[PDB]
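sequence, then the experimental structure. Questions to follow.
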Amino acid sequence: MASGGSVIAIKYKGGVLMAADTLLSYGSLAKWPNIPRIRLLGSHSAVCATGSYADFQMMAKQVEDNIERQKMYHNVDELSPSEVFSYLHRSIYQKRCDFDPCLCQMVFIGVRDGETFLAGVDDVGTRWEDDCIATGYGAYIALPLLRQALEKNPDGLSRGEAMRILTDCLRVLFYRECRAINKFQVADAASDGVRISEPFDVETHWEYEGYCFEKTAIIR
Amino acid sequence: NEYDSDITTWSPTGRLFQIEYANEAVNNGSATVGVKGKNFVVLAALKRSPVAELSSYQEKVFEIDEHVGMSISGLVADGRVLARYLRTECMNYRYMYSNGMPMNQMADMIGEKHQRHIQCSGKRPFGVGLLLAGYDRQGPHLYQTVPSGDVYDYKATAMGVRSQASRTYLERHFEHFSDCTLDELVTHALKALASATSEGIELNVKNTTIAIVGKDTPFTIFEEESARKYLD
């Protein structure tokens, strides 16, 4: 029951960013705060899951292997991101049909030849593609903010604006998602392939005047 | 020949006669040619030509998915088995990855299917040769396959009866095919296919199929409207 919390992603002009805390929880217990939850798949894609890490790990191994073997064994071009995503989605669905569900929601990103790809898949095989995507509490807390940033920049976001807004959301998830930590990694998919950032933290604000002891006291 | 009755029997010179005999099935099917340009692959198959006013279709050429299809020679019923197999493997692949099965992987497969039928008692070699033409991210492809399980990646080829002459023809012209247009690829195929006709028979819309496949061109068997254009 090691589980991973929110993932969020957004397309910028040029690429995709995906971000996640580096934390696996076990119920309420914050168990491992140094888990690299984002995982590269092939040369152009990365994936990250909310939910059962064990499911995630088994699913991500299945897909990584499929990719690597298809390519090593046949003189063929690596699978595109949509193709990998397709595979993963059908894999996840087949498992829901066997009553053996892969109990994660996943976000998937990838870039090939400046075509970008960002999708979400969920335990039952729902899948969807959008300019931003989130799972877990990301979907409740960050999507509205990310969506708002894409309404305001309908020409696409820059990498910096995108990373500014991603970061704004991480901070909000940090404040409002219980099972979270202020340590994040962000994968960036672009032309070149995908890089995962070193873990980083966001600045938090806790000193609003209304948070003071006198004001929040229940009894005067 | 004490050694030619079973697919599981090597001969003392290291031959497998049942496989050489399955090859004969292919050398005795109706001729088919394929050629590969920069962007396109053309299959042309001789059919069987009217017995007076008295026709006769057999399906030689098969579409297999949008991006690939094939021409067979030899035991047509084996053709159909292989066609069913390829079709099915291509749909599974397209179901899973939402894109066409790449040709080098499909050639690997069709060759593994053949091998599965040349090593155990009571299976037998497919008595059918395939030209498989298809187009993917790596460009156009043309494979010939044979009962033995071998798969050749060709630039041009022919097989079936009198197809040695089709191969003589193709050997003169094949180095140009990478520059030719679709119309000259088709011309070149038809020319080659005709070097394989018996004496004074000639090519026409009712003893010749043409399929093409290539860039932005799903695999397409040509019917009597579009074929006529190319056959004159």
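Looks like it arrived, so ask away. Numbering: from 1, shown residues only, chains lettered A, B, ... in the order given.

from the contact counts, what lies against the longest helix along chain A?
Ranked by number of residues, the top helix in chain A under DSSP state H is helix A:53-73. When contacts are defined as 3 or more Cβ pairs under 8 Å, 6 or more residues apart in numbering or on different chains; DSSP states H and E, helix A:53-73 packs onto strand A:2-4, strand A:39-41, strand A:45-52, helix A:81-97, strand A:104-112. Where you see a C-beta, it was placed from the backbone N, CA and C, and this is true even at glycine.

redo the ones you listed as a markdown table? Include distance to residue B:230 and mean neighbour count.
Shown next, in a markdown table, are the helices and strands packed on helix A:53-73 (distance: least, Cβ to Cβ, whole Å; neighbours: other Cβ atoms under 10 Å in any protein chain shown):
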| stretch | distance to residue B:230 | mean neighbour count |
| --- | --- | --- |
| strand A:2-4 | 60 | 22 |
| strand A:39-41 | 45 | 20 |
| strand A:45-52 | 43 | 26 |
| helix A:81-97 | 35 | 20 |
| strand A:104-112 | 37 | 27 |
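
around chain B, which positions in chain A sit nearby?
Applying Cβ under 8 Å from any Cβ of the partner chain, we find that chain A lies next to chain B at A:70, A:73-77, A:79-80, A:82-84, A:86-87, A:90.

hang on, the earlier thing: please enumerate residues in contact with the longest helix of chain A?
Here helix A:53-73 makes contact (Cβ atoms under 8 Å, 6 or more residues apart in numbering or on different chains) with A:2-4, A:24, A:35, A:37, A:39, A:41-42, A:47, A:49, A:76-79, A:84, A:87-88, A:91-92, A:101-104, A:106, B:105, B:108.

just the strands in chain B please.
Secondary structure of chain B (DSSP state E): strands located at B:32-36, B:40-46, B:61-65, B:68-74, B:128-136, B:139-145, B:151-153, B:156-159, B:208-214, B:217-221.

what is the orientation angle of the longest one with strand B:68-74?
Looking back up the chat, that one is strand B:128-136. With axes from the mean of the first three to the mean of the last three Cα atoms, to 10 degrees as the basis, strand B:128-136 and strand B:68-74 are set at 170 degrees to each other.

list the buried residues for strand B:128-136?
Residues of strand B:128-136 classed as buried: B:128, B:129, B:130, B:131, B:132, B:133, B:134, B:135, B:136 (neighbour count, 16 or more other Cβ atoms under 10 Å in any protein chain shown).

note down every partner strand of that strand and its orientation.
strand B:68-74 (antiparallel), strand B:139-145 (antiparallel) (DSSP bridges).

for residue B:197, find the nearest of those strands.
Counting by Cβ to Cβ, residue B:197 lies closest to strand B:68-74 out of these; the figure is 14.9 Å.

distance of the residue lying farthest from the centre of chain A from residue A:213?
Taking Cα atoms, centre = their mean, the residue of chain A most remote from its mean C-alpha position is residue A:220, at 44.7 Å. Look at residue A:220 and residue A:213: by Cβ to Cβ, to the nearest Å, they are 12 Å apart.

residues contacting residue A:137?
Counted by Cβ under 8 Å, 6+ apart, residue A:137 has contacts A:5, A:6, A:173, A:176, A:177.

one step back: can I assume the residue farthest from the centre of chain A sits in a strand?
No. The assignment for residue A:220, made by DSSP: H, G, I helix; E, B strand; the rest coil, is coil rather than a strand.

can you tell me how far it sits from residue A:209?
According to Cβ to Cβ, residue A:220 stands 17 Å off from residue A:209.

coming back round to it: pick the most buried one from the strands paired with strand B:128-136.
Ranked by mean neighbour count under mean count of other Cβ atoms under 10 Å in any protein chain shown, the strands paired with strand B:128-136 are led by strand B:68-74, which reaches a mean of 28.

and the angle from that one to strand B:32-36?
Using the same axes, to 10 degrees: strand B:68-74 against strand B:32-36 is 150 degrees.

gap between strand B:68-74 and the chain center?
Using Cα atoms, centre = their mean, to the nearest Å, the distance from the centre of strand B:68-74 to the centre of the chain it belongs to is 4 Å.

isn't residue B:64 up against residue B:79?
No. Checked against Cβ atoms under 8 Å, the pair residue B:64 and residue B:79 is beyond contact range at 11.6 Å.

coming back round to it: let's have the helices and strands packed on helix A:53-73 in JSON lines, adding distance to residue B:149.
Listed next are the helices and strands packed on helix A:53-73 as JSON lines, based on distance: least, Cβ to Cβ, whole Å:
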{"stretch": "strand A:2-4", "distance to residue B:149": "47"}
{"stretch": "strand A:39-41", "distance to residue B:149": "33"}
{"stretch": "strand A:45-52", "distance to residue B:149": "35"}
{"stretch": "helix A:81-97", "distance to residue B:149": "28"}
{"stretch": "strand A:104-112", "distance to residue B:149": "34"}
